[PDB]
Amino acid sequence: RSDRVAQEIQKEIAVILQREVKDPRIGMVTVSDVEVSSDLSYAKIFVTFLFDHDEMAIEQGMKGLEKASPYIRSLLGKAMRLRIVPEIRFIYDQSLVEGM
């Protein structure tokens with residue numbers, strides 16, 4: 001049943017990340033996927049940043065995301081109305097992207 005939670009979190013965390021994260025060095029934070037453990041206890045949030053050329057900026061953005069994790073879990077909780085909100089971890093997705 002982790003699929004429903006993962007799908008819901010992807011939907012909702014996308015919205016939160018677009019609205020709450022404002023850092024010009026990384027730009028829009030996009031959610032590429034979400035995986036949730038079978039026990040619905042943990043979630044992995046794969047993300048990419050609009051500006052990905054400065055390695056130090058990417059790191060600072062990933063630290064900002066971890067520092068902001070408790071607040072982000074609180075927003076998910078409100079958005080999803082879950083009794084137990086999974087712990088969350090952010091992972092930068094280095095998968096191949098074309099775009100154009």
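Just so you know, residue 1 is the first one in the sequence shown, and it goes up from there.
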Undergrad: Is the closest side-chain heavy-atom distance between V97 and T48 below 4.5 Å?
TA: no
Undergrad: Locate the shortest heavy-atom distance separating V36 from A43; write the atom from each residue and the value.
TA: CG2-CB, 4.0 Å
Undergrad: Not counting sequence neighbours, which residues clear ring-ring contact (aromatic ring centres under 6.0 Å, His included) with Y71? List them please.
TA: none
Undergrad: Is there a side-chain contact between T30 and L50 in this structure, where contact means two heavy atoms from C-beta onward sitting under 4.5 Å apart?
TA: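 Contact flag for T30/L50 side chains = no.
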Undergrad: From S69 OG over to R89 CZ, what is the distance, rounded to the nearest 0.5 angstrom?
TA: 11.0 Å
Undergrad: Quick check against the 3.5 Å criterion: does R73 have a side-chain atom that pairs as donor or acceptor with the backbone of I88?
TA: no
Undergrad: So, taking the atom named NZ in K22 and the one named CG in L17, what distance separates them when rounded to the nearest 0.5 Å?
TA: 11.0 Å
Undergrad: Taking the side chain as C-beta and beyond, is there a heavy-atom pair between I9 and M80 under 4.5 Å?
TA: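 Yes; the side chains approach each other to less than 4.5 Å.
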Undergrad: NZ/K78 to CD/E12 distance, rounded to the nearest 0.5 angstrom?
TA: 11.0 Å
Undergrad: Any side-chain heavy atom of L65 sitting closer than 4.5 Å to one from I45?
TA: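 The answer is no, as the side chains (C-beta and beyond) never meet within the 4.5 Å cut-off.
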Undergrad: Minimum heavy-atom separation for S32 and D93, please, with both atom names.
TA: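 That would be OG-OD2, 2.7 Å.
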Undergrad: List the steps and the verdict of side-chain contact (heavy atoms from CB on, under 4.5 Å) for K11 and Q7.
TA: CA-CA 6 Å; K11 302 198 200 184; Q7 176 175 56; 3.6 Å; yes
Undergrad: Checking the side chain of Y92 only, and the main-chain atoms of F49 only, is there a donor and an acceptor separated by less than 3.5 Å?
TA: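 Confirmed, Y92 side chain pairs with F49 backbone.
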Undergrad: Do the non-hydrogen side-chain atoms of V5 and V34 ever get within less than 4.5 Å of each other?
TA: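 No, too far: nothing below the 4.5 Å cut-off.
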Undergrad: Using 0.5 Å steps for rounding, measure from the CD atom of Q60 to the CE atom of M56.
TA: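 Reported to 0.5 Å precision, the distance equals 6.0 Å.
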Undergrad: Over all heavy atoms of both residues, which pair between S2 and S37 is shortest? Give the atoms and the distance, please.
TA: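 Looking at all heavy atoms of both residues, the shortest contact is CB-O, 3.6 Å.
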Undergrad: Would you call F90 and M62 a side-chain contact if the rule is heavy atoms closer than 4.5 Å?
TA: yes
Undergrad: For the CD1 atom of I26 and the CG atom of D54, what is their distance to the nearest 0.5 Å?
TA: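 Between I26 CD1 and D54 CG, I get 11.0 Å after rounding to 0.5 Å.
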Undergrad: Take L76 and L82, measure what side-chain contact (heavy atoms from CB on, under 4.5 Å) needs, and give me the verdict at the end.
TA: CA-CA 8 Å; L76 277 170; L82 287 173; over 6 Å; no
Undergrad: Evaluate whether atom CZ of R19 has more than 12 neighbouring non-hydrogen atoms of other residues, nucleotides or ligands under 6.0 angstrom away.
TA: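 Atom CZ in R19 is packed in, count exceeds 12.
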Undergrad: Are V31 and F46 linked, directly or through other ILVMFWY residues, by side chains that come within less than 4.5 angstrom of each other?
TA: no
